[PDB]
Every structure is written in structure tokens, then in C-alpha cells.
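In what follows, a single structure is set out as C-alpha cells and then discussed.
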Number of protein chains: 2
Amino acid sequence: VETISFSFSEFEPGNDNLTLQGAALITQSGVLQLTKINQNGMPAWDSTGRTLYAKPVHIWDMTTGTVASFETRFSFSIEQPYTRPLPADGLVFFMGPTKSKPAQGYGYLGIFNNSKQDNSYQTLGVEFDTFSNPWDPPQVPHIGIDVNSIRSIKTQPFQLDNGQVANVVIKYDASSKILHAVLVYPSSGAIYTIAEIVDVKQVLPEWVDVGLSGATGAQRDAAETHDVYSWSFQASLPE
Amino acid sequence: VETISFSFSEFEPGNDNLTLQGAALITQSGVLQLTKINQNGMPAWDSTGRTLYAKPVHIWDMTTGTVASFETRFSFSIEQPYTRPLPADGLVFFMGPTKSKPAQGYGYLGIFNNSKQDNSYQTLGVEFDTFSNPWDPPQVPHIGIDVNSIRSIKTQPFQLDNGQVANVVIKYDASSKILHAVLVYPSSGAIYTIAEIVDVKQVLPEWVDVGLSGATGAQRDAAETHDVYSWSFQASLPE
Ligand SMILES: *[C@@H]1O[C@H](CO)[C@@H](O[C@@H]2O[C@H](CO)[C@@H](O[C@@H]3O[C@H](CO[C@H]4O[C@H](CO)[C@@H](O)[C@H](O)[C@@H]4O)[C@@H](O)[C@H](O[C@H]4O[C@H](CO)[C@@H](O)[C@H](O)[C@@H]4O)[C@@H]3O[C@@H]3OC[C@@H](O)[C@H](O)[C@H]3O)[C@H](O)[C@H]2NC(C)=O)[C@H](O[C@@H]2O[C@@H](C)[C@@H](O)[C@@H](O)[C@@H]2O)[C@H]1NC(C)=O
Ligand SMILES: *[C@@H]1O[C@H](CO)[C@@H](O[C@@H]2O[C@H](CO)[C@@H](O[C@@H]3O[C@H](CO[C@H]4O[C@H](CO)[C@@H](O)[C@H](O)[C@@H]4O)[C@@H](O)[C@H](O[C@H]4O[C@H](CO)[C@@H](O)[C@H](O)[C@@H]4O)[C@@H]3O[C@@H]3OC[C@@H](O)[C@H](O)[C@H]3O)[C@H](O)[C@H]2NC(C)=O)[C@H](O[C@@H]2O[C@@H](C)[C@@H](O)[C@@H](O)[C@@H]2O)[C@H]1NC(C)=O
Ligand SMILES: [Ca+2]
Ligand SMILES: [Ca+2]
Ligand SMILES: [Mn+2]
Ligand SMILES: [Mn+2]
């Protein structure tokens, strides 16, 4: 069995186990700020930042046809300081081709280049979308399961607890092909759940990079924070 | 669309929207005690209690072949006062044939008569099992999805937070046929998730009774409490 796992209770600056891209940075306080925060403490618009684990993950093997089961957990907080314009754009946990660089920002969340369903993306993602684009359901924020497109195959609205820490659990059972995600706000006790069938063999390459990506809006002050406090991951390829 | 829903933030004695069976009873404090608590405040062994919603639910229609999506949420607490013998047996959320009376107690949780996979049970259940029977995995407690048998098709171990309130969310998406359940302990922040594919058309009759059942052990003092604080349910049959 081929296993891989990591667990960051907090982030330490200078760590070489994480690849920071775009605006992403680790603070001295141990927080991973996916998108830029200005000198005045306000989140900057037109910002995109990602963080990829430094080792690729063996998700499936073409030879034996076996696929890995995996689980990831992370805590984040989003703060929306302005009433107008509408805050944007959100953050997303994703898996895709190795050696990737950030894509388009804004509503594409740093992982897509357009709104088409393209098999060449080879990307699986679980988004926490805060801005309603024309390809989105009208309710925001919402959790969404993205398969080769920013147009989710399944969506679940949730109420943002402004600036409060949200705990997320995403689990994939290779046997049943079910991807199930849970979001809990300890502050209010709110629990949201979403699940959908996804056969990763039809989506992802055998080896993938796992990461988190965040983006702020295309217009002035259409922004919010995308802070991550911890992140753990584990995958097992039956072999 | 045929919809049905209920929501009990707390329970009131004398309420005629709930059918109490066996040892189940609602206290003046508004708590639903599934299993008996003695005069000295200790949980009694050899006890079985159930509570069914007073109206049957239309889960699927043979004529059109459509099936309902549903969701239930409830809060409970289990207290295990003795180190020996091992506490037993657990509680379970279930759906089965209308007009049912309690079955065998103990490890059968008041809903089964033996440990066979029998299609005549026509029962779907999500158990919170505290005692390891020969048909159980060795880890207890565990969440389990039961389909026509006490031998779960899927199990997930969890750590009991003795006497603390656990929040449960069980959701069934008819389109994908996924039954996903979540258990959260606000006290410790623990989150457990379990999902499996279940086609209710192959399991349940068109009309079902929904309920909660609990049972204590077969030997002296093999007991624990099975207290429920709230319970809501909603189902929608696309029509
Ligand atoms: C977080 O980042 C940490 C820092 O990078 C990770 O820890 C490193 O993990 C490296 C493995 O990828 C590991 O590398 C090996 O280092 C050996 C020498 O260092 C040890 O022994 C020294 C005395 O001999 C001692 O002084 C040190 O303190 C260490 O204890 C070295 O012998 C190994 O070489 C063998 O294997 C390599 C292939 O891996 C061959 O190329 C080589 O011929 C030889 O056969 C190996 O060296 C590394 O090899 C590749 C090369 O590019 C690297 O430059 C070279 O370092 C390294 O020891 C530790 N570093 C430290 C300080 O402990 C950490 O990884 C996790 O933890 C480690 C312990 C291991 O269990 C990993 O599998 C884990 O993933 C990162 N954590 C996470 C979650 O990602
Ligand atoms: C929790 O328990 C509650 C108490 O049982 C539930 O509320 C009852 O719900 C009954 C529906 O199942 C409802 O019954 C109807 O009552 C009508 C008369 O009462 C109202 O109007 C009076 C003045 O006219 C007023 O004084 C009262 O206070 C009420 O406002 C009556 O006209 C209805 O009869 C018609 O329909 C029936 C079929 O349902 C026909 O048989 C009849 O010919 C006529 O056409 C109906 O009467 C009931 O009929 C069936 C019979 O066996 C019953 O004995 C008879 O009562 C009843 O009014 C309320 N009770 C109260 C105090 O409000 C509650 O149900 C939920 O809430 C209600 C309001 C409704 O929305 C339900 O659909 C909900 O489920 C239970 N809650 C839950 C979550 O289960
Ligand atoms: Ca969007
Ligand atoms: Ca058992
Ligand atoms: Mn979206
Ligand atoms: Mn069991």
C-alpha cells in the first residue's frame, strides 16, 4: 500500500514542504494568508495565491487500475469588511497535474482559465465560493464540487460566519467513489454537508499536486480574507 | 411534490405527534430518554425504547418510480457510569414498515430479530453502536449504515465524549443515491463522516415510519443512557 500524509497544526515561515505561489504567504503568527492583506490590515482586491504540498501524490495506477482513498482537513476564516462592492471570490481545495502554476484569478479561483467543462484541466476541486458569477447558483456563499470546470456538478449554500473559523473535512472513498465534504462552524454550531459520486480515474492523472488556492475580486475593494490555520492530508493507494 | 417535515427543539410530555414504545419517555425537563433510568439516577440494563413520528412518510412511488430525498438532524448524549461490565448497546435512527412494534433488544437495537441479512426486514438504519457483538468490527463506538441487517455495510469508529452532546446530520440524495451522515461533538470539536450508496427502492416499502430506538445490555449493569434533546426531519417526493 502506497501511503502519504502530512499535518500542519500551524504554518512556519521558511518551511520547504510547501510551495507558495502568487500572493500566498505564511505570517510570523503561523497563519497562511492565501490572498494579500494591505499595510492597513484590509484585504487587497485583484489577488490570487496558492499553496501546494511539495510532494506529488499517487492517486491511481493505470497498470492495476487501483485508486487511492484520501482525506483532508483544514480550518479557514473569511472576513468581508465592506458592504459594497460585493466581496469576492473565494477559496478552493484542489488536485490536478503536477508542476502547475496559478491559472486565472477572480471567479476562476486560480485553477481554471475559462468556464468550459474541459477534460484537459484534469482537476478536481471543492470550492467555498463567495461571489455569484453567471455560471453560479444565485446563493452565496456555497460549497461546490468542481470536476474539470468551475461550473460545479453539485452545490450547497451555507451562511458565512464573518471572521469565524470554519472546520472542513473532505473524504473520498475509492470503493464507492463517493466524495463527501463537511463544513462546521464551531462558533454557531452550524453543520453543512455535501456528497457526490466522482470517479477520479476519469478526471485526474495518476500523480497529482494537492493544494489550496484563493482569489479576491476584479473590481476595487471586491475583496475578503482567505486565511488558513491548519491543514492535514492522507492518501492510501491499495497495492 | 409531496413534502413532510417536523422539528422538535425539545420534547413536551403528552405530545401526540410521537409514538413512545417500550421504555421510552419524555421527561418534564423536555428530554427524550430512550432507555430507562432508575430512581437512583443510573441507567437500567435490559431496556429497549423507541419513538416513532406519528405520521408515515411517502418515501417512494412504484407508479412513477420517483424516490424522496430526506434529511434528519438530532442531538443525543450517552453516559457510561461503570467500568465493568462493558456498556451496551447503543441507539439507532431508522425507517421501516409502518405500524411496527419493537423487535429484539440488546445488540439488535430494537429493530432486528437476528443477525441475518433478510429482505423482509425492509429497514434502513444509521446506528451509534457502543458494544462489540460477533457481527461487529472490534472498534466501539462506531457509526454504521444498516440495510436489512444489523451487520452494517459500512462502519466508522468514533470516540465517545462521555455525557457530552453529539450533533448528528443524516442526508439522503435520491438522485445520486448517497446516504451521508455526520457526527460532531461541539465539546471537543471532533467531526466524523460516513457515506455509502443505498437505493431505497430495493430496501424500503413506499410508505415508512421514521424513528429512533435505543437498547441497554443483556447482563447486569451493562448499560448507559440514550438521551435525545431535539429531532427534526424533512422529506420531499418529486411529484
Ligand atoms: C518537511 O521537510 C523536512 C525537511 O526537508 C522533511 O524531512 C526530511 O525528509 C527527507 C526525506 O525526503 C530526509 O532525507 C534524507 O536525509 C538523510 C540524511 O538526514 C538524516 O540523517 C542525518 C545523518 O545521516 C541526520 O543528521 C539528519 O538530521 C537526518 O536525520 C539521507 O541519508 C537520505 O538520503 C538517502 O535517501 C535519498 C532519497 O531520499 C537518496 O538520494 C540518498 O542516496 C540516500 O540513500 C535523505 O536525504 C535526502 O535525499 C534527497 C535529497 O534531495 C535531499 O537533499 C536529502 O536531504 C531528511 O533527513 C529530512 N530532514 C530532516 C531535517 O529530518 C520532512 O519529511 C518528513 O520527515 C522525514 C523525517 C521523512 O520521514 C519524510 O518521509 C517525511 O515526509 C517534511 N515533512 C513533510 C510532512 O513533508
Ligand atoms: C402536532 O400535533 C398537533 C395536534 O394534533 C397537530 O396539529 C393539528 O393538525 C391537524 C391536522 O392533522 C389539524 O386538524 C384539522 O383541524 C381542523 C379544526 O381545527 C382547527 O380549526 C379550528 C376551527 O375550525 C380551531 O379551533 C383549531 O384550533 C384548529 O385551528 C379541522 O377542520 C380539520 O378537518 C378537516 O380535515 C380533516 C382531515 O385532516 C377531515 O377529516 C375533516 O373532514 C375536515 O375536512 C382537521 O381535523 C382533524 O381531522 C382528522 C381528525 O382525525 C382529527 O381529530 C381532526 O382534528 C388540527 O387543527 C391541528 N391541531 C391544532 C391544535 O392546531 C400538528 O400538525 C401540524 O400542524 C397543523 C396546524 C397542520 O399544519 C399539520 O399539517 C401539521 O403537521 C402536529 N405537528 C407535527 C409536526 O406533527
Ligand atoms: Ca463564483
Ligand atoms: Ca453491537
Ligand atoms: Mn461556484
Ligand atoms: Mn454495529
Side-chain angles (χ1 to χ4, degrees), chain B residues 21-24 32-38 40-51 74-94 96 102-118 121 123-168 170 181-185 187-188 190 192-194 196 211-228:
Chain B
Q21 303 180 321
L32 168 63
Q33 298 186 151
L34 286 172
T35 51
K36 188 184 174 64
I37 301 303
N38 296 141
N40 59 359
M42 302 289 260
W45 63 288
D46 197 21
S47 184
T48 306
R50 312 159 117 212
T51 299
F74 57 94
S75 293
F76 72 87
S77 70
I78 295 182
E79 275 189 322
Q80 308 178 143
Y82 290 130
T83 301
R84 65 200 89 236
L86 296 175
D89 264 283
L91 65 91
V92 57
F93 163 78
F94 72 101
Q104 285 298 121
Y106 315 127
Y108 298 116
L109 306 174
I111 59 170
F112 295 112
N113 284 138
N114 53 44
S115 63
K116 307 299 184 180
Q117 307 179 121
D118 195 332
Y121 279 127
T123 299
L124 205 218
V126 180
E127 51 152 69
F128 298 87
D129 198 340
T130 58
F131 179 83
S132 193
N133 292 95
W135 56 77
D136 284 326
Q139 308 75 29
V140 282
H142 59 262
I143 308 170
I145 297 172
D146 303 348
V147 178
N148 285 332
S149 182
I150 192 65
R151 304 192 239 127
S152 312
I153 62 173
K154 188 68 161 60
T155 254
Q156 170 62 238
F158 74 98
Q159 191 176 337
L160 186 86
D161 217 312
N162 220 341
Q164 300 307 323
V165 176
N167 292 327
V168 178
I170 300 167
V182 182
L183 181 150
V184 179
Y185 266 116
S187 53
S188 63
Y192 305 93
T193 184
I194 184 175
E196 189 51 87
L212 298 166
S213 179
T216 52
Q219 70 170 269
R220 194 157 98 196
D221 290 338
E224 61 193 12
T225 63
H226 299 103
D227 298 333
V228 180

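Below, chains carry the letters A, B, ... as their sequence lines are ordered, and counting in each starts from 1. Computed over heavy atoms, backbone and side chain alike; hydrogens, waters and symmetry mates excluded.
Atom CG of residue B/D89 and atom OG1 of residue B/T48 lie 8.5 Å apart, to the nearest 0.5 angstrom. Summarising the geometry, atom OG1 belonging to B/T51 is positioned 8.0 Å from atom CD belonging to B/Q21; distances are rounded to the nearest 0.5 Å. For the atom pair CZ (B/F131) and OH (B/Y106), the distance works out to 12.5 Å, reported to the nearest 0.5 Å. In this structure, B/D221 CG and B/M42 CE are separated by 7.0 Å, a value rounded to the nearest 0.5 Å. Taken from CZ in B/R50 to CG in B/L109, the straight-line distance is 11.0 Å, to the nearest 0.5 Å. For the atom pair B/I111 CD1 and B/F93 CZ, the distance stands at 10.5 Å (nearest 0.5 Å).
Side chain of B/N148 to main chain of B/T123: a donor-acceptor pair is present (N/O by atom type, distance under 3.5 Å, no hydrogens or angles). Between the side chain of B/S152 and the backbone N or O of B/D146 there is no donor-acceptor pair closer than 3.5 Å. Using a distance-only test at 3.5 Å, with no hydrogens or angles considered, a donor-acceptor pair links the side chain of B/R151 to the main chain of B/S115. Checked by atom type and distance alone, the side chain of B/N162 pairs as donor or acceptor with a backbone atom of B/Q80 at under 3.5 Å. No donor-acceptor pair under 3.5 Å is formed between the side chain of B/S187 and the backbone N or O of B/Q164.
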What's the verdict on side-chain contact (heavy atoms from CB on, under 4.5 Å) for B/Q139 and B/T155, showing C-alpha distance, side-chain angles and the deciding distance?
CA-CA 10 Å; B/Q139 308 75 29; B/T155 254; 5.5 Å; no
Test side-chain contact (heavy atoms from CB on, under 4.5 Å) applied to B/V147 and B/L124, step by step
CA-CA 5 Å; B/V147 178; B/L124 205 218; 4.2 Å; yes
B/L32 vs B/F76, test: side-chain contact (heavy atoms from CB on, under 4.5 Å). Steps then yes/no.
CA-CA 9 Å; B/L32 168 63; B/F76 72 87; over 6 Å; no
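Under a cut-off of 6.0 angstrom, the local environment of NZ in B/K36 is sparse, with at most 12 non-hydrogen atoms contributed by other residues, nucleotides or ligands.
Side-chain atoms of B/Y185 and B/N167 form no donor-acceptor pair, as typed in the model, at a separation below 3.5 Å. Checking B/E224 against B/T130 by side-chain atom types alone, a donor-acceptor pair falls below 3.5 Å.
For the pairing with B/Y121, the ring-ring contact (aromatic ring centres under 6.0 Å, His included) check across B/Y108, B/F94, B/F112 returns one residue only, B/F112. When each of B/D46, B/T225, B/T216 is checked for a side chain to side chain contact (heavy atoms under 4.5 Å, CB included) with B/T35, only B/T216 meets the rule.
No side-chain heavy atom of B/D227 sits less than 4.5 Å from a side-chain heavy atom of B/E79. With a 4.5 Å cut-off on side-chain heavy atoms, B/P137 and B/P157 do not count as touching.
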